[PDB]
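For reference, entry.txt (compact mmCIF, C-alpha atoms and all ligand atoms):
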# COMPACT_ATOMS: atom_id res chain seq x y z
CA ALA A 1 9.13 16.33 18.17
CA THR A 2 5.32 16.33 18.58
CA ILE A 3 3.56 14.04 16.09
CA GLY A 4 1.32 15.98 13.67
CA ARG A 5 -1.92 14.43 12.38
CA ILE A 6 -3.64 15.01 9.00
CA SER A 7 -7.39 14.47 8.86
CA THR A 8 -8.59 12.04 6.22
CA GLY A 9 -11.85 13.99 5.87
CA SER A 10 -13.84 11.20 7.61
CA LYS A 11 -14.50 11.37 11.37
CA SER A 12 -14.92 7.56 11.36
CA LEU A 13 -11.56 6.90 9.66
CA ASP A 14 -9.84 9.58 11.79
CA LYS A 15 -11.09 7.80 14.97
CA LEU A 16 -9.78 4.46 13.78
CA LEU A 17 -6.37 6.08 13.09
CA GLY A 18 -6.28 7.84 16.49
CA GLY A 19 -6.81 11.31 15.03
CA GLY A 20 -5.62 11.06 11.44
CA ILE A 21 -2.47 10.14 9.42
CA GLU A 22 0.63 10.71 11.54
CA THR A 23 3.88 12.46 10.75
CA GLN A 24 7.11 10.50 11.64
CA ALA A 25 5.38 7.34 10.35
CA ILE A 26 4.64 5.45 7.18
CA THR A 27 0.97 4.60 6.84
CA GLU A 28 0.33 1.86 4.26
CA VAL A 29 -3.09 1.58 2.81
CA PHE A 30 -3.94 -1.57 0.90
CA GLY A 31 -6.82 -2.99 -1.05
CA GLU A 32 -8.25 -3.69 -4.49
CA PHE A 33 -8.53 -1.09 -7.27
CA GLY A 34 -11.28 1.41 -6.28
CA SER A 35 -11.15 0.40 -2.55
CA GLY A 36 -10.52 4.10 -1.81
CA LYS A 37 -6.69 4.02 -1.40
CA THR A 38 -6.08 6.50 -4.26
CA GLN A 39 -9.10 8.62 -3.31
CA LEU A 40 -7.57 8.86 0.19
CA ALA A 41 -4.12 9.87 -1.24
CA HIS A 42 -5.86 12.64 -3.28
CA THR A 43 -7.86 13.82 -0.26
CA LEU A 44 -4.78 13.94 2.00
CA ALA A 45 -2.81 15.96 -0.63
CA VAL A 46 -5.52 18.67 -0.09
CA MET A 47 -6.13 18.20 3.67
CA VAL A 48 -2.45 18.60 4.64
CA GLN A 49 -2.59 22.16 3.26
CA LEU A 50 -5.28 23.29 5.75
CA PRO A 51 -4.47 24.88 9.13
CA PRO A 52 -4.59 22.47 12.15
CA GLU A 53 -8.06 23.53 13.33
CA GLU A 54 -9.23 22.30 9.90
CA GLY A 55 -7.27 19.03 10.20
CA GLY A 56 -4.16 19.97 8.23
CA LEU A 57 -0.53 20.89 8.96
CA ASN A 58 -0.29 24.15 6.93
CA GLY A 59 1.92 22.09 4.62
CA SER A 60 2.51 21.03 1.07
CA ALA A 61 2.52 17.54 -0.48
CA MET A 62 4.74 15.49 -2.79
CA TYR A 63 3.18 12.74 -4.87
CA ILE A 64 5.12 9.86 -6.54
CA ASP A 65 2.81 8.11 -9.04
CA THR A 66 3.85 4.63 -10.31
CA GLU A 67 0.63 3.57 -12.17
CA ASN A 68 -0.70 6.88 -13.69
CA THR A 69 -3.26 7.24 -10.84
CA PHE A 70 -2.86 11.00 -10.19
CA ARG A 71 -5.82 13.10 -11.40
CA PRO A 72 -5.23 16.86 -11.06
CA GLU A 73 -8.96 17.49 -11.86
CA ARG A 74 -9.92 15.29 -8.86
CA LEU A 75 -7.66 17.44 -6.59
CA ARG A 76 -9.30 20.53 -8.10
CA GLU A 77 -12.82 19.13 -7.30
CA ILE A 78 -11.89 18.26 -3.67
CA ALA A 79 -10.32 21.69 -3.14
CA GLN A 80 -13.33 23.59 -4.64
CA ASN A 81 -15.85 21.58 -2.60
CA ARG A 82 -13.87 22.26 0.60
CA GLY A 83 -13.91 26.06 0.09
CA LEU A 84 -10.36 26.22 -1.32
CA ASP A 85 -8.72 27.78 -4.36
CA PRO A 86 -8.01 24.84 -6.71
CA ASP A 87 -5.08 26.56 -8.48
CA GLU A 88 -3.30 27.42 -5.17
CA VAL A 89 -3.96 23.87 -3.92
CA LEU A 90 -2.41 22.33 -7.10
CA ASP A 91 0.58 24.73 -6.70
CA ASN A 92 1.26 23.11 -3.31
CA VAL A 93 1.53 19.59 -4.71
CA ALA A 94 4.87 18.49 -6.28
CA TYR A 95 4.26 15.57 -8.64
CA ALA A 96 6.50 12.97 -10.28
CA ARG A 97 5.84 9.87 -12.30
CA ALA A 98 8.25 7.03 -11.36
CA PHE A 99 9.20 5.15 -14.53
CA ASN A 100 10.63 2.09 -12.74
CA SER A 101 11.80 1.03 -9.24
CA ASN A 102 15.27 2.55 -9.61
CA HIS A 103 13.75 5.87 -10.74
CA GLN A 104 11.33 5.61 -7.77
CA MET A 105 14.38 5.39 -5.45
CA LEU A 106 16.05 8.39 -7.11
CA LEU A 107 12.75 10.36 -6.66
CA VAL A 108 12.88 9.77 -2.91
CA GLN A 109 16.44 11.31 -2.81
CA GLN A 110 15.15 14.29 -4.84
CA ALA A 111 12.21 14.61 -2.39
CA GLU A 112 14.67 15.17 0.41
CA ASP A 113 16.16 18.20 -1.43
CA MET A 114 12.70 19.91 -1.71
CA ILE A 115 11.86 18.92 1.89
CA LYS A 116 15.16 20.45 3.13
CA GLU A 117 14.48 23.61 1.05
CA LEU A 118 11.03 24.23 2.48
CA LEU A 119 11.62 22.92 6.04
CA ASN A 120 11.81 26.24 7.84
CA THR A 121 9.32 28.16 5.65
CA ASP A 122 5.65 28.93 6.48
CA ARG A 123 4.61 25.97 4.28
CA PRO A 124 6.97 23.03 4.71
CA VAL A 125 6.42 19.68 2.97
CA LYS A 126 4.28 17.65 5.40
CA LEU A 127 3.15 14.72 3.26
CA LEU A 128 4.90 12.41 0.83
CA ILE A 129 2.65 9.99 -1.06
CA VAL A 130 3.90 6.94 -2.95
CA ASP A 131 1.04 5.45 -5.05
CA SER A 132 1.84 2.63 -5.28
CA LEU A 133 4.84 1.57 -3.41
CA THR A 134 5.27 -1.95 -4.76
CA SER A 135 4.06 -2.01 -8.37
CA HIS A 136 7.48 -1.57 -10.06
CA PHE A 137 9.23 -3.84 -7.56
CA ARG A 138 6.71 -6.61 -8.26
CA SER A 139 7.09 -6.34 -12.02
CA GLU A 140 10.90 -6.10 -12.02
CA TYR A 141 11.90 -8.56 -9.26
CA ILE A 142 9.94 -11.56 -10.50
CA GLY A 143 10.50 -15.27 -11.00
CA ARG A 144 12.61 -17.99 -9.39
CA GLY A 145 14.12 -16.90 -6.11
CA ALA A 146 13.26 -13.18 -6.74
CA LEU A 147 11.43 -12.90 -3.33
CA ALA A 148 14.69 -12.30 -1.36
CA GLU A 149 16.06 -9.51 -3.62
CA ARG A 150 12.58 -7.85 -3.99
CA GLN A 151 12.09 -7.79 -0.18
CA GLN A 152 15.65 -6.46 0.34
CA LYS A 153 15.11 -3.63 -2.25
CA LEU A 154 11.67 -2.82 -0.72
CA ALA A 155 13.11 -2.92 2.83
CA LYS A 156 15.81 -0.39 1.77
CA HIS A 157 13.27 1.90 0.01
CA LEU A 158 11.07 1.82 3.16
CA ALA A 159 14.09 2.55 5.37
CA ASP A 160 14.82 5.72 3.23
CA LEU A 161 11.14 6.78 3.56
CA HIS A 162 11.11 6.14 7.37
CA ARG A 163 14.21 8.37 7.57
CA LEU A 164 12.49 11.24 5.69
CA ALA A 165 9.38 10.84 7.89
CA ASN A 166 11.39 10.93 11.12
CA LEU A 167 14.11 13.46 10.25
CA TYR A 168 11.79 16.02 8.64
CA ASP A 169 8.56 15.39 10.57
CA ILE A 170 6.51 14.42 7.59
CA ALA A 171 3.73 11.88 7.04
CA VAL A 172 4.58 9.21 4.47
CA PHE A 173 1.46 7.65 2.94
CA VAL A 174 1.85 4.68 0.65
CA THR A 175 -0.62 2.51 -1.22
CA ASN A 176 -0.41 -1.15 -2.19
CA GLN A 177 -2.51 -3.48 -4.39
CA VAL A 178 -2.72 -6.29 -1.64
CA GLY A 179 1.24 -12.54 -0.34
CA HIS A 180 -0.28 -12.83 3.14
CA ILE A 181 2.96 -14.49 4.32
CA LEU A 182 5.33 -11.67 3.17
CA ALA A 183 6.91 -9.33 5.77
CA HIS A 184 5.91 -5.60 5.72
CA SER A 185 7.76 -2.62 7.31
CA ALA A 186 5.07 0.18 7.44
CA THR A 187 4.40 1.76 10.87
CA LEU A 188 0.67 1.28 10.30
CA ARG A 189 -1.20 -0.91 7.81
CA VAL A 190 -4.82 -0.25 6.85
CA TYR A 191 -6.96 -2.63 4.80
CA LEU A 192 -9.69 -0.97 2.71
CA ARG A 193 -12.59 -2.69 1.02
CA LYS A 194 -15.69 -1.73 -1.01
CA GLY A 195 -18.77 -1.71 1.16
CA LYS A 196 -22.61 -1.99 0.90
CA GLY A 197 -22.68 -0.57 -2.68
CA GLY A 198 -21.47 2.88 -1.69
CA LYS A 199 -19.39 2.90 1.42
CA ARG A 200 -15.76 1.90 1.94
CA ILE A 201 -14.67 0.01 5.08
CA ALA A 202 -11.27 0.30 6.79
CA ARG A 203 -9.63 -2.09 9.26
CA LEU A 204 -6.28 -1.83 11.02
CA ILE A 205 -4.02 -4.84 10.46
CA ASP A 206 -1.62 -6.11 13.19
CA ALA A 207 -2.08 -3.09 15.51
CA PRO A 208 -2.82 -4.38 19.08
CA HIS A 209 -1.83 -0.93 20.48
CA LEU A 210 -4.68 0.79 18.49
CA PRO A 211 -8.52 0.43 19.03
CA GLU A 212 -10.55 -2.62 17.82
CA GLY A 213 -13.13 -1.68 15.21
CA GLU A 214 -13.76 -0.78 11.60
CA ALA A 215 -14.37 2.62 10.06
CA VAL A 216 -16.94 3.39 7.39
CA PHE A 217 -16.48 6.27 4.94
CA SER A 218 -17.76 7.49 1.60
CA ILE A 219 -16.07 8.69 -1.61
CA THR A 220 -17.75 12.05 -2.43
CA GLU A 221 -17.24 15.38 -4.27
CA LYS A 222 -15.22 16.43 -1.16
CA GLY A 223 -12.94 13.37 -1.61
CA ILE A 224 -13.36 11.30 1.60
CA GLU A 225 -16.08 11.94 4.20
CA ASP A 226 -18.40 10.02 6.59
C1 LIG B 1 -3.34 20.69 -15.39
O1 LIG B 1 -2.56 19.52 -15.14
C2 LIG B 1 -1.73 19.51 -14.05
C3 LIG B 1 -1.04 18.31 -13.91
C4 LIG B 1 -0.22 18.12 -12.81
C5 LIG B 1 -0.06 19.12 -11.86
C6 LIG B 1 0.85 18.88 -10.67
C7 LIG B 1 0.13 18.93 -9.32
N1 LIG B 1 1.97 19.83 -10.66
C8 LIG B 1 3.04 19.69 -11.45
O2 LIG B 1 3.19 18.74 -12.20
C9 LIG B 1 4.09 20.78 -11.35
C10 LIG B 1 3.95 21.82 -12.48
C11 LIG B 1 4.89 21.35 -13.56
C12 LIG B 1 6.06 20.75 -12.81
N2 LIG B 1 5.45 20.26 -11.55
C13 LIG B 1 6.03 19.44 -10.65
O3 LIG B 1 5.43 19.10 -9.63
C14 LIG B 1 7.42 18.94 -10.92
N3 LIG B 1 7.84 18.02 -9.89
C15 LIG B 1 9.12 17.85 -9.59
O4 LIG B 1 10.02 18.55 -10.05
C16 LIG B 1 9.40 16.80 -8.55
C17 LIG B 1 10.72 16.47 -8.25
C18 LIG B 1 10.96 15.49 -7.33
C19 LIG B 1 9.88 14.84 -6.70
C20 LIG B 1 10.02 13.79 -5.77
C21 LIG B 1 8.92 13.19 -5.21
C22 LIG B 1 7.65 13.61 -5.55
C23 LIG B 1 7.46 14.62 -6.45
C24 LIG B 1 8.57 15.27 -7.04
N4 LIG B 1 8.35 16.26 -7.96
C25 LIG B 1 -0.71 20.32 -12.04
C26 LIG B 1 -1.56 20.52 -13.12
CA CA B 2 -9.31 4.43 -4.79
Once you've parsed the file, please lay out its structure as structure tokens.
Amino acid sequence: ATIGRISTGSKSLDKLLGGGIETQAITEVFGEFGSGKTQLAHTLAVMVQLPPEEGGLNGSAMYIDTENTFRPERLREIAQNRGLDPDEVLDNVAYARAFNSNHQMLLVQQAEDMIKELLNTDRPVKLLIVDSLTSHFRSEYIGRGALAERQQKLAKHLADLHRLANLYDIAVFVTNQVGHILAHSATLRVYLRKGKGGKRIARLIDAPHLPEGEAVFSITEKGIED
């Protein structure tokens, strides 16, 4: 199936990604709090809803929140500033708070039911966000020799998400707090950092196949833009 791409709202970041966030892939965005990873998740939850000439996939979004990061008023602001109806935009986002890592796994199985339901409609699910993927796994699988079991549980969770992305042609977008020696299984990893007082900077990590460079974007009333 053709890969679909969702615009991030920034021409700079879209160029770095090769057009935007891809379906049939897991894109992992990592950085410090406020680096723009949650702002990007919120922007994408709106952008995916737009028609393709506007950078979307005429789709709906599903958002798994592990750290109480979801702000429905922020989605409303992005939608209104982009010429969209905020209530209709919120109606196209399914939201769930994951209480722990095991509940986070169950939520992914429930996501598949909604995805299957809407697959052949005029507005299928096209984006699944997990913000953040690792927080519960890092707090639960902790201490002496916990690395092996945590990485096995994370590897399994990521395999389930890769399956939803590939089987249903959806973009899976996950965020992560930031160690350097651990393995990662995302299709694409993006490092975000706070820039020159106002900007945010993005770099691709371990992607020889994709272009060398860094993107610069801003957090605005429209979510993410140049
Ligand atoms: C004014 O404050 C607001 C606060 C939040 C919202 C959000 C956008 N909308 C909702 O909360 C809506 C309205 C009430 C129920 N509801 C759900 O989305 C219920 N969700 C689910 O049943 C569900 C199930 C499995 C899932 C697996 C993965 C990800 C998400 C999943 N969501 C809107 C306004
Ligand atoms: Ca952020």
Return as an MDAnalysis selection string the residues of protein, DNA or RNA that approach ligand CA 2 (chain B) to within 7 Å, with all atoms listed in the file taken into account.
chainID A and resid 33:40
Expressed in Å to a single decimal, how great is the separation between atom CA of residue A:202 and atom CA of residue A:98?
27.5 Å
Counting all atoms listed in the file, what is within 10 Å of residue A:25, bar same-chain residues fewer than 4 positions away, as number ranges by chain?
A: 3, 21, 161-166, 169-173, 186-188
Taking all atoms of ligand LIG 1 (chain B) that appear in the file, build a box with edges along x, y and z, extend it by 4 Å on every side, and state its centre and edge lengths in Å to one decimal, as JSON.
{"center_x": 3.8, "center_y": 17.5, "center_z": -10.3, "size_x": 22.3, "size_y": 16.6, "size_z": 18.2}
Selected residue, from A:66, A:80, A:134, A:121, that lies nearest to ligand LIG 1 (chain B) when counting only C-alpha atoms and all ligand atoms:
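Closest to ligand LIG 1 (chain B), using only C-alpha atoms and all ligand atoms: A:66.
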Neighbours of residue A:14 within 12 Å (all atoms listed in the file; same-chain residues fewer than 5 positions away dropped), as a VMD selection string?
chain A and resid 5 to 9 19 to 22 40 44 55 202 to 204 211 214 to 217 224 to 226
Hey, which residues come within 6 Å of ligand LIG 1 (chain B) if we count only C-alpha atoms and all ligand atoms? Could you give them as JSON, numbers by chain?
{"A": [62, 63, 64, 72, 90, 93, 94, 95, 96, 107, 108, 110, 111]}
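In this comparison, which uses only C-alpha atoms, the residue of A:109, A:23, A:218, A:101 approaching residue A:2 most closely is A:23.
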Quick check, in Å to one decimal: how far apart do atom CA of residue A:103 and atom CA of residue A:168 lie?
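Atom CA of residue A:103 sits 22.0 Å away from atom CA of residue A:168.
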Compare A:192, A:89, A:29, A:128 by their minimum atom-to-atom distance to residue A:49, counting all atoms listed in the file, and give me the closest one.
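Checking each candidate against residue A:49, we get A:89 as the closest.
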Between atom CA of residue A:182 and atom CA of residue A:147, what is the distance, to one decimal in Å?
9.0 Å
With distances taken over only C-alpha atoms, which of A:127, A:183, A:75, A:106 is nearest to residue A:160?
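Counting only C-alpha atoms, the residue closest to residue A:160 is A:106.
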Write out as a list in words the residues lying within 6 Å of residue A:130, counting all atoms listed in the file and excluding same-chain residues fewer than 2 positions away.
residues 64, 132, 133 and 174 of chain A
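Residue nearest residue A:50 within the list A:155, A:207, A:167, A:79: A:79 [criterion: smallest interatomic distance, all atoms listed in the file].
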Report as a PyMOL selection string all protein, DNA and RNA residues lying within 7 Å of residue A:126, evaluated on all atoms listed in the file, omitting residues in the same chain fewer than 5 positions from it.
chain A and resi 48+57+59-61+170-171
Pick from A:58, A:205, A:15, A:24, whichever lies nearest to residue A:122 using only C-alpha atoms
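Closest to residue A:122, using only C-alpha atoms: A:58.
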